[PDB]
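For reference, the chains in residue letters:
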Amino acid sequence: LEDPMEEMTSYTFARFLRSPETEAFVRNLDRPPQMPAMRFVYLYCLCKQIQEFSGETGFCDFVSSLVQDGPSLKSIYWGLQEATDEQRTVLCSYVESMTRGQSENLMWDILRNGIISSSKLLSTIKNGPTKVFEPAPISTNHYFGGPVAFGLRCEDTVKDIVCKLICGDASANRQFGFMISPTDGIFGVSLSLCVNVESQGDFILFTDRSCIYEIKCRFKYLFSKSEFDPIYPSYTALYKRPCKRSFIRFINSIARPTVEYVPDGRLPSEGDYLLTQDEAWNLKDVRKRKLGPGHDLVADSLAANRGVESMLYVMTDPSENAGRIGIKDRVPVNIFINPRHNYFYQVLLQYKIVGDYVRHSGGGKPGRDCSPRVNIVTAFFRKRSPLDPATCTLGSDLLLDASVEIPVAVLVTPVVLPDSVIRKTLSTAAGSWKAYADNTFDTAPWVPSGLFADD
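Residues numbered from 1 in each chain as written, not as in the entry; some residues may be left out. Heavy atoms only, no water.

Its PDB header attributes the entry to X-ray crystallography and lists the resolution as 3.50 Å.

Under the PDB entry, the chain has the name ALKALINE EXONUCLEASE and belongs to Human herpesvirus 4. The Subunit field of the UniProt record for the chain holds the comment "Forms a complex with the DNA polymerase BALF5, the DNA polymerase processivity factor BMRF1, and the major DNA binding protein BALF2." According to the UniProt record, the Sequence similarities comment for the chain is "Belongs to the herpesviridae alkaline nuclease family." (UniProt positions renumbered as here; feature names shortened; annotations may be inferred.)

Okay, here's the thing in structure tokens:
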């Protein structure tokens, strides 16, 4: 009779918005029900139920201290309407710490209904928000066996490298819950890694020396230390002579390369998410022109980013080095991000939401700006040779999981994000939310006027 969360799966935001109890107070409101308030009331109600069989009363006691047997939804909707942003962001990071442990849990899912997640922002812009008001499958998790299993299996080791090697410290928060954007209650984010975060016992205090790191492991670049493998040669060349020239040949050793040469004022394709205008990278052809016609957004971003220089890190080969994976070399390179690609959006929301936390959490210094830095780590692995030692340490002393493949390169790319671009993007996205909420509810909650479209 155990797993009471298997039961709470009917109590999604959408459903709450459709409750008779909901409708109760929204009848006797003056205004179209406002929206972060509505989301926070829902959260309070889902908690009131959950807290029983999970003991953690904490979220609710906060909501309670805001209003002065349980208080009536009108008392609650109204104290949440009057709350200061700090107080909002507290509530959000109650929900964050409340989910930190288990991305596997079912609550992670119930919370995701009605929230434009960051992975789904570009899709949501292009196709609209219906998938965002829809249940999410088993996946499975059983015998995963391919690109997506490669993803999960490694996305650890790459944090180990980022934390320990790239910035000199392994004491960094790697587990992140679900972070609702506190000021809007519409968007959501889950961080991969983020450096310079501090604690409050259960809470994670983002400081303003925060660095976000989106991790991607390029499965299409997997290869073996073995004659006949096609990438291997161009790689041993990289190893021995690390630099732009060598690395170009590596990037280009597969059918579909991950960097794309697109010259200033041309529109980039969509292949994937790295671009470069640096000439050395140019071996054939011509590009549609990216102008006026809408491309204004991708144009402002392209401009802001094509000055960005990324760092390549060439790792030492564990086999040639008594099992040591250290930073052998540090080639700087001229590669930046594809503002057309899915990731650019995912990483823009990750930057917008954390900005918000950082700001309204004890933490902003007048005169100075607290937007974090964002980067995309693009990790290159090879397969395990028979030659490689059974055991391996990153650096001197960090074990490396025996199931994981060998890290070979790591390419970190700063992302630059004009407030210009953020405002519109999120804005046309949130009207899309409104849009659907309007003819699915009856009482659609009104969007905060800071995601209002225009001036």
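Below, the discussion takes up the overall build of the chain. Scanning the chain from terminus to terminus reveals 14 helices and 14 strands. Expected size for 455 residues packed as a compact globule is a radius of gyration near 23 Å; at 24 Å, the chain falls within 12% of this value. Burial status across the chain gives 53% buried among its 455 residues. Seen as two clouds, the 50 positive and the 53 negative side-chain charges of the chain have centres 8 Å apart. (Helix = DSSP H or I, 4+ residues; strand = E, 2+ residues; numbered from the N terminus. Rg over C-alpha atoms; globule rule 2.2 N^0.38 Å. Buried < 20%, exposed > 50% of the residue type's maximum accessible area, 1.4 Å probe, protein only. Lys, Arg positive; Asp, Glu negative; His and termini not counted. Charge placed at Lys NZ, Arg CZ, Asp CG, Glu CD.)

So, about the nonpolar core. Among the nonpolar cores identified, the biggest contains 114 residues, and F187, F206, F247 and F250 are the most heavily contacted of them. With eleven residues, helix α3 (residues 37-54) is the largest single contributor of residues to this core. Here this core spans two domains, since at least three of its residues come from each of domain 1 (1-115) and domain 2 (116-455). Dropping the residues within four chain positions of it, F187 is found in contact with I115, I116, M179, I180, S181, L349, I353, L426, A429, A430 and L451. (Core = buried A, V, L, I, M, F, W, Y, C linked by side-chain atoms within 4.5 Å. Domains from an automatic or database assignment. Contact = heavy atoms within 4.5 Å.)

The subject of this paragraph is the side chain of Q346. Within the secondary structure, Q346 is located in helix α13 (residues 342-363). If we ignore the near neighbours within four places in the chain, the residues touching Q346 are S118, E214 and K216.

Strands sit in the order β5-β6-β11 across an open sheet of three strands; the sheet is mixed. Here the strands that pair on one side only, and so sit at the sheet edges, are β5 (259-261) and β11 (336-337). Sheet topology places strand β6 (residues 274-276) next to β11; two bridges connect them, and they run antiparallel. Residue pairing for β11: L275 is matched across the bridge by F336. (Pairing = 2+ DSSP bridges.)

For the rest of this paragraph, the subject is helix α9 (residues 147-166). Residues spaced three or four apart along an α-helix face the same direction, because each turn holds 3.6 residues. Of all the bends found along α9, the most pronounced is centred on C154 and spans about 35°. Within the sequence span of α9, burial applies to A149, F150, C154, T157, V158, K159, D160, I161, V162 and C163. Tucked inside the fold, the buried residues of α9 contact β3 (193-200), β4 (203-217), β7 (310-315), β12 (373-382), β13 (393-394) and β14 (406-415). (Bend = angle between axes of the 7 residues up to and from the residue.)

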